[PDB]
């Protein structure tokens, strides 16, 4: 089975508060006026869990080094938010580009954002899909959402 352990972080833990602050402080007003991700200036942060998986970590650090050696010994590593309907799969199986939606404006890739409110727009699908499963509401205040705050190797990044 999955070699993923979830480590529950305490609200009083500095690591919790750091990820919490990044989530809250990177909210912005969006051009679609909350159409995709809902209307809000703030989150209710219910849980922050460290995803521990040796297989997925060693896979990441291996590729990070390969990219590093290709880009003047610089990984160009960034902490970035990810939203998609497949967070439960990703924490167990890792990120899989074979499931990437080709219709995206930047092609068949996996999307990250430095704004939490941007990644929130993709939690229920492209353009917020049909919103939450229960109320079919993109701006649902009841249903619990999941984002990933990810270590991402950008290496030599191409501007579009």
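Residue numbers count along the first chain shown, from 1. We call the rigid core the largest set of C-alpha positions that still match within 1.5 Å between the two forms.
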query: More shifted region, core-based fit in 8 other deposited structures of this protein, 99-107 vs 29-37 by CA; finding: 99-107
query: Greater root mean square CA deviation, 53-61 compared with 90-98 in 8 other deposited structures of this protein, core aligned; finding: 90-98
query: Higher-scoring stretch by recorded Cα B factor average, 55-63 or 98-106; finding: 98-106
query: Between 25-33 and 45-53 (mean CA B-factor, as deposited), the higher; finding: 25-33
query: B-factor third for the C-alpha atom of residue 91 within its chain; finding: middle
query: For residue 137, the third of its chain into which the C-alpha B factor falls; finding: middle
query: Third assignment of residue 113 from its chain's C-alpha B-factors; finding: lowest
query: Ranked against its chain, the third holding the CA B-factor of residue 15; finding: middle
